[PDB]
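To keep things clear, I will list the structure first and then write my remarks on it.
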Ligand SMILES: Nc1ncnc2c1ncn2[C@@H]1O[C@H](COP(=O)(O)O)[C@@H](O)[C@H]1O
Ligand SMILES: Nc1ncnc2c1ncn2[C@@H]1O[C@H](COP(=O)(O)O)[C@@H](O)[C@H]1O
Ligand SMILES: [Cl-]
Ligand SMILES: [Cl-]
Ligand SMILES: [Cl-]
Ligand SMILES: [Cl-]
Ligand SMILES: [Mg+2]
Ligand SMILES: [Mg+2]
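Below is the structure:
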């Protein structure tokens with residue numbers, strides 16, 4: 013009766029240990045009357061490690077030493093299979109069946125649609141946003157353009173590409189955006207610099223081009239840093255808002286008036302729909318002194334530790350952590366059923 | 014010589030077209046520079062390693078061309094950067110492939126899923142990356158990004174499962190007028208021309224069979240023109256072609290040819306395409322250019338518009354294939370040089 017949930021975690025990013033913590037907390041809290049779990053760890057070189065819930069961590073209690081436990085099984089996926097899709101690569105024998113994947117692998121590949129694309133090739137249902145929603149939210153330039161087109165507020169900006177970058181001087185950028193500026197790679203908070211003068215500008219742009227082929231240069235926004243948790247597929251719902259306050278403290282709920290809370294929540298939901306998210310996302314905004322709401326980022330893989338903003342916000346809104354995990358799995362399976370019902374030709 | 018893995022076939026109704034594309038690429042590819050490895054995907058979605066000497070049944074018959082069945086099924090070990098693909102039956106790795114030329118028409122092969130799998134294998138590949146592929150596949154996302162860029166698209170609304178019943182026919186006619194064209198956002204199957212309410216409800220139901228989003232757009236009056244774009248950061252446009278019959282080059286003024294070409298390049302840049310794309314537009318009587326579609330996996334057969342447009346612009350098919358492979362390798366080399 014139980015579904016087997018494969019939790020895919022870790023990854024090559026600097027957020028590898030956060031992902032381990034997320035996986036640990038999910039394993040600890042998931043409803044065991046409804047779900048069995050299997051742990052699919054990605055080490056820091058990209059390789060996958062399948063383990064049971066009792067032998068996937070090393071030094072699981074101390075955070076400064078927590079680490080993926082190696083697997084003795086190399087796993088492979090057979091693209092195009094509809095069942096028995098995962099096999100022991102060396103023996104060819106199928107692994108125990110996985111009904112749904114819960115991916116919590118931060119950064120490139122894990123959060124940019126590549127992992128979702130591979131899971132789709134293997135016909136594996138999965139939690140969270142699909143290929144397009146993941147890829148688009150990962151690219152801050154594309155996200156900002158879609159949000160702007162929807163009439164939602166974003167920080168005024170210039171996106172530098174390899175093709176266009178030589179057309180701009182610092183004088184052009186300052187003329188359009190003022191000072192200070194924020195410079196960030198479109199796809200990555204690595205490479206983000208605050209810029210007050212020409213020398214810092216050149217160093218920041220050069221730096222960001224070491225991490226991505228596109229660089230977003232933004233007007234600096236004066237505002238509080240508010241975050242909102244969104245949950246759902248076709249009928250998404252927003253949590254209460256939280257705030258990030260320098261000690277940096279996660280403040281739940283944010284100390285804002287209810288009308289402003291609801292205004293941000295409605296904008297979060299609109300943003301979520303504009304970007305085609307599914308399952309979950311965390312929307313990060315700036316709240317200016319005039320209560321203008323400026324959207325900074327839509328994160329399709331929020332942190333999932335017991336202390337992370339996304340679960341804390343749902344807890345503050347009446348949805349406990351165990352129930353949140355169950356809902357995310359139900360949403361994944363609902364979306365998979367809806368997709369598989371679509372027709373392919375006449 | 015570089016080892017070029019051609020991934021072809023697949024589950025779509027364009028399976029046979031993909032087979033013909035792969036056959037035409039095998040026959041034309043510069044053998045002084047490339048060794049071909051055939052990775053055929055059968056009609057059920059399983060991947061195989063095929064022998065160039067016998068991979069096609071009825072190869073000279075377009076109505077019966079078929080992929081010869083094979084004992085090997087391929088598997089991928091995610092996250093590996095070498096020996097990424099194995100013979101699933103034997104556990105043994107395939108020899109390293111330097112670059113993938115994917116020509117799998119249909120959903121997974123064009124919507125970014127296949128590209129995501131190849132990225133997870135760190136394989137260079139021809140054509141657009143995950144986001145460009147996924148965004149160009151979704152006509153709603155494409156049209157919104159083009160509109161945001163200041164380029165012209167047909168005025169439209171996008172129906173979803175959630176909002177589907179919020180829009181009455183009267184609301185739609187008031188906003189967009191008649192006739193309308195109704196299409197699934199992601200698929203030209205499911206496309207209907209609508210001249211009244213009875214046709215509208217039938218067309219919307221049809222499009223919702225194929226996708227969760229349905230584009231309803233204003234009918235455009237104009238000639239149907241196509242333009243082939245090639246390149247990464249410095250893309251170039253072929254001469255234009257017209258669909259009436279296929280007329281290559283299109284019988285339009287050179288100034289208008291160049292206007293459409295420059296818009297096709299802008300559209301390509303707006304959507305973040307790489308390698309190649311075919312841009313389909315409407316040319317109105319006032320010479321306004323309304324962009325209909327950006328196709329990131331054009332046809333590669335000998336009757337296909339995309340190679341024919343380049344052929345009529347002085348780029349031969351063999352050199353086109355070589356350039357596409359060079360572009361894939363250039364993009365991989367750029368990505369590989371990034372800090373991580
Ligand atoms: N346009 C901006 N205006 C003001 N602060 C910004 C802006 N972009 C980034 N920041 C700051 O830089 C941090 C990291 O950038 P990000 O990863 O985009 O959140 C944020 O938490 C802000 O403190
Ligand atoms: N908005 C439109 N205005 C006029 N004709 C259209 C429009 N959308 C689609 N069509 C017609 O329908 C065909 C198939 O649509 P598509 O697959 O979008 O090209 C086109 O080749 C046109 O003949
Ligand atoms: Cl929902
Ligand atoms: Cl979070
Ligand atoms: Cl180029
Ligand atoms: Cl074509
Ligand atoms: Mg932030
Ligand atoms: Mg068309």
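Residue numbers (the deposited numbering), protein chains in the order written: chain A, 13 to 200, 203 to 261, 277 to 375; chain B, 14 to 200, 203 to 259, 278 to 373.
The C-beta atom is built at its ideal place from N, Cα and C for all residues, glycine as well.
Worksheet item: Does the Cβ of residue 369(A) have 16 or more other Cβ atoms within 10 Å, making it buried, or fewer, making it exposed?
Response: Sequence index remark: in the first chain, residue 369(A) carries index 340 (1-based). Looking at its Cβ environment, which holds fewer than 16 other Cβ atoms inside 10 Å, residue 369(A) is exposed.
Item to complete: Buried or exposed for residue 153(A), please, with buried defined as at least 16 other CB atoms from any protein chain shown within 10 angstroms of its CB.
Response: Numbered from 1 along the first chain, position 141 holds the residue referred to as residue 153(A). Residue 153(A) comes out buried.
Worksheet item: Would you say residue 57(B) faces chain A, with C-beta separation under 8 angstroms as the test?
Response: Numbered from 1 along the second chain, position 44 holds the residue referred to as residue 57(B). It does: the Cβ of residue 57(B) has a partner Cβ on chain A nearer than 8 angstroms.
Discussion item. Below 8 angstroms on the Cβ atoms is my contact criterion, and I expect residue 358(B) with residue 112(B) to pass it. Report the Cβ-Cβ distance as a whole number of Å.
Written reply: As a position in the second chain, residue 358(B) is number 325, starting the count at 1. As a position in the second chain, residue 112(B) is number 99, starting the count at 1. At roughly 6 angstroms, the Cβ-Cβ gap stays under 8 angstroms, so residue 358(B) and residue 112(B) are in contact.
Fill in: Cβ-heavy atom distance, residue 16(A) to ligand 6, below 7 angstroms
For this step, residue 16(A) is matched to residue 4 along the first chain. Every heavy atom of ligand 6 is 7 angstroms or more from the Cβ of residue 16(A), so no.
Worksheet item: Any idea what DSSP makes of residue 24(A), helix, strand or coil?
Response: Along the first chain, one-based indexing puts residue 24(A) at 12. Reduced to three states, the DSSP call for residue 24(A) is coil.
Worksheet item: Quick one: what does DSSP say residue 182(A) is sitting in, helix, strand or coil?
Response: What you label residue 182(A) is simply residue 170 of the first chain in a count that begins at 1. In this structure, residue 182(A) counts as helix in the three-state DSSP scheme.
Worksheet item: Listing by chain order, which chain B residues have their CB less than 7 angstroms from the CB of residue 89(A)?
Response: Counting from 1 along the first chain, the entry for residue 89(A) is found at position 77. Here the neighbours are 88, 89, 91.
Worksheet entry | Meets three-Cβ-pair contact criterion under 8 angstroms: the stretch 246-255 of chain B and the stretch 286-300 of chain B | yes
Worksheet entry | Contacting residues, own chain, Cβ-Cβ under 6 angstroms from residue 198(A) (five flanking each side not counted) | Position 186 of the first chain holds residue 198(A). Answer for residue 198(A): 151, 152, 153, 226, 228, 230, listed in chain order.
Worksheet item: Say the cut is 7 angstroms; is the CB of residue 313(B) nearer than that to a heavy atom of ligand 8?
Response: As a first step, residue 313(B) is located in the second chain; it is residue number 280 there, counting from the start. Residue 313(B) Cβ: within cutoff of ligand 8.
Discussion item. At a threshold of 7 angstroms, does residue 30(B) count as lining ligand 1 (C-beta to nearest heavy atom)?
Written reply: Numbered from 1 along the second chain, position 17 holds the residue referred to as residue 30(B). Checking every heavy atom of ligand 1 against the Cβ of residue 30(B), none is found closer than 7 angstroms.
Worksheet item: What are the complete beta strand (DSSP E) segments, minimum 3 residues, inside the stretch 28-56 of chain B?
Response: 47-54
Worksheet item: So the beta strand (DSSP E) residue 257(A) belongs to, where does it begin and stop?
Response: For the purposes of this step, residue 257(A) is taken as residue 243 along the first chain, with counting starting at 1. Counting along the chain, the beta strand (DSSP E) containing residue 257(A) begins and ends at 251-259.
Worksheet entry | For residue 174(A), three-class secondary structure by DSSP | For the purposes of this step, residue 174(A) is taken as residue 162 along the first chain, with counting starting at 1. Three-state DSSP puts residue 174(A) in coil, outside helix and strand.
Worksheet item: If you draw a straight line from the C-alpha of residue 204(B) to the C-alpha of residue 374(A), how long is it?
Response: By one-based count along the second chain, residue 204(B) stands at place 189. By one-based count along the first chain, residue 374(A) stands at place 345. Those two C-alpha atoms are separated by around 7 angstroms.
Discussion item. Going by DSSP, what residue range makes up the beta strand (DSSP E) through residue 221(A)?
Written reply: Residue 221(A) sits at position 207 when you count from the first residue of the first chain. That residue, residue 221(A), is in no beta strand (DSSP E); its alpha helix (DSSP H) goes 212-222.
Discussion item. For ligand 8, I want to know if residue 326(B) counts as a neighbour, meaning its beta carbon is within less than 7 angstroms of at least one of the ligand's heavy atoms.
Written reply: Looking up residue 326(B) in the second chain gives position 293. At least one heavy atom of ligand 8 is nearer than 7 angstroms to the Cβ of residue 326(B), so yes.
Discussion item. Tell me which residue opens and which closes the beta strand (DSSP E) that residue 197(B) is part of.
Written reply: Within the second chain, the letter at position 184 stands for residue 197(B). Where residue 197(B) is concerned, the enclosing beta strand (DSSP E) stretches over 193-197.
Practice prompt. Using 10 angstroms around the beta-carbon of residue 219(B), count the other beta-carbons present and answer buried if the total reaches 16, otherwise exposed.
Written response: Within the second chain, numbered from 1, the residue matching residue 219(B) stands at position 204. Its Cβ being crowded by 16 or more others within 10 Å, residue 219(B) is buried.
Worksheet entry | Interface positions of the stretch 221-241 of chain B facing chain A (Cβ-Cβ less than 8 angstroms), listed along the chain | 224, 225, 226, 227
Worksheet item: Where does residue 288(A) sit, in a helix, a strand or coil, going by DSSP?
Response: Indexing the first chain from 1 puts residue 288(A) at position 259. Helix, per DSSP.
Discussion item. Quick check: is any heavy atom of ligand 4 less than 7 angstroms from the C-beta of residue 282(A)?
Written reply: In the first chain, counting from the first residue as 1, residue 282(A) sits at position 253. No, the Cβ of residue 282(A) stays beyond 7 angstroms of every heavy atom of ligand 4.
Worksheet item: Between residue 354(A) and residue 139(A), what straight-line distance do the alpha-carbon atoms span, to the nearest angstrom?
Response: Locating residue 354(A) in the first chain gives position 325, counting from the first residue. Locating residue 139(A) in the first chain gives position 127, counting from the first residue. The straight-line gap from Cα to Cα measures roughly 10 angstroms.
Fill in: Cβ neighbours of residue 16(B) in the same chain (closer than 6 angstroms, five flanking residues each side left out)
Position 3 of the second chain, counted from the first residue, corresponds to residue 16(B). The residues are 48, 50, 110, 111.
Discussion item. Whole angstroms are fine: how far does the CA of residue 350(A) sit from the CA of residue 221(A)?
Written reply: Position 207 of the first chain, counting from 1, holds the residue named residue 221(A). Position 321 of the first chain, counting from 1, holds the residue named residue 350(A). Spanning the two alpha carbons is a distance of roughly 39 angstroms.
Worksheet entry | Cβ pair residue 331(B), residue 309(B) closer than 8 angstroms | In the second chain, counting from the first residue as 1, residue 331(B) sits at position 298. In the second chain, counting from the first residue as 1, residue 309(B) sits at position 276. For residue 331(B) and residue 309(B), yes; Cβs fall inside 8 angstroms.
Worksheet item: Does the Cβ of residue 350(A) lie closer than 7 angstroms to at least one heavy atom of ligand 4?
Response: Along the first chain, one-based indexing puts residue 350(A) at 321. No, since every heavy atom of ligand 4 falls outside the 7 angstroms radius drawn around the Cβ of residue 350(A).
Discussion item. Suppose contacts are defined by Cβ-Cβ distances below 8 angstroms. Is residue 316(A) in contact with residue 237(A) by that definition?
Written reply: Here residue 316(A) refers to the residue found at position 287 when the first chain is read from its first residue. Here residue 237(A) refers to the residue found at position 223 when the first chain is read from its first residue. Yes; because the gap between Cβ atoms is below 8 angstroms, this pair is in contact.
Discussion item. Whether or not the stretch 205-219 of chain A and the stretch 278-290 of chain A are in contact is what I'm after, with contact meaning three or more pairs of Cβ atoms, one per stretch, closer than 8 angstroms; do they touch?
Written reply: no
Worksheet item: Between residue 337(A) and ligand 4, is the CB less than 7 angstroms from at least one heavy atom?
Response: Looking up residue 337(A) in the first chain gives position 308. Result yes, Cβ under 7 angstroms from ligand 4.
Worksheet item: Listed in chain order, which residues of the stretch 95-116 of chain B have Cβ atoms closer than 7 angstroms to some Cβ of chain A?
Response: 99, 101, 102, 104
Worksheet item: Would you call the CB atoms of residue 91(B) and residue 33(B) closer than 8 angstroms?
Response: Your numbering for residue 91(B) matches position 78 in the second chain. Your numbering for residue 33(B) matches position 20 in the second chain. Their beta carbons are not under 8 angstroms apart, which means residue 91(B) does not touch residue 33(B) by this criterion.
Worksheet item: Count the other CB atoms within 10 Å of the CB of residue 123(B); is the residue buried (16 or more) or exposed (fewer)?
Response: What you label residue 123(B) is simply residue 110 of the second chain in a count that begins at 1. Residue 123(B) should be labelled buried.
Worksheet item: Between residue 141(B) and ligand 8, is the CB less than 7 angstroms from at least one heavy atom?
Response: In the second chain, the residue the question calls residue 141(B) occupies position 128. Because no heavy atom of ligand 8 lies under 7 angstroms away, the Cβ of residue 141(B) does not count as near it: no.
Worksheet item: Hey, quick one: how far does the alpha helix (DSSP H) through residue 365(B) stretch, first residue to last?
Response: The residue labelled residue 365(B) in the question sits at position 332 within the second chain. From DSSP, the alpha helix (DSSP H) with residue 365(B) extends over 350-370.
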